[PDB]
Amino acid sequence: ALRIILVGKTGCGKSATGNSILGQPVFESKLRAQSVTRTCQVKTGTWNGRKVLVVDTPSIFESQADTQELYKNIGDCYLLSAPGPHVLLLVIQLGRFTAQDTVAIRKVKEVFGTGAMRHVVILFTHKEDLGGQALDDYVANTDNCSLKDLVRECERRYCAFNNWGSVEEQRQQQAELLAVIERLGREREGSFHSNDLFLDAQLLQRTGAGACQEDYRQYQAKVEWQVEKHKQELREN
């Protein structure tokens, strides 16, 4: 089953994108009113006839203080996606890429570590705000050099959704996403991104472990120690 993680800042369209991939209203996407979801959600479904697992994330990828809540939510993120994501689905609201999305790119690296960008697919929400203009023409021509680095680091793997789109318009934009993920799956030969904390999470959930050596405090502690490794190795530039 194809494992996908929705990443990005709050309000860019992670939940709506996950709802349009699965074709169901399953992740909370409020319009204006107060939200309830504070933690990672996982929903299994079918997408283009292929079985899919989608992990939606809270505000893990934003300016924030180091607290138990952060590591609980990064911890749930690896638990749900174990043994690791095939695709990291980085959601950018088209037209609105600001300092916070730049911060979100930084913290995608800090959460997942070295090698995670080989598995990233940009997904531009608000395709409709692009006028009658082409997406390839937009990405080549934006005055946003933070965005253009991200496109070159993702090897030009990127797509656009109208999450409020019609049935036809939803069908079309799912096929164009499949094309990107097909091409990514062949370039990775079916590989999923992984590190020790993914591996540590995989062993923790698999039945037949029969020790319960590790604990929800100990796991969340391993989560913190892993992210600081990512922060060391990334301060080394």
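Counting begins at 1, following the sequence as shown.
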property	result
Residue range whose averaged C-alpha B-factor is higher in the record, 200-208 or 36-44	200-208
Residue range whose averaged C-alpha B-factor is higher in the record, 81-89 or 133-141	133-141
Of the residues 114, 102, 73, 166, the one carrying the largest Cα B-factor as recorded	114
Criterion, highest CA B-factor; candidates, 69, 189, 28, 56	189
Chain thirds of CA B-factor: placement of residue 22	middle
Relative C-alpha B-factor of residue 159, binned into the chain's lowest, middle or highest third	highest
Chain third (lowest, middle, highest) by recorded CA B-factor, residue given as residue 150	middle
Modelled-residue ranking by C-alpha temperature factor, third containing residue 94	highest
Third of the chain, ranked by Cα B-factor, where residue 213 sits	highest
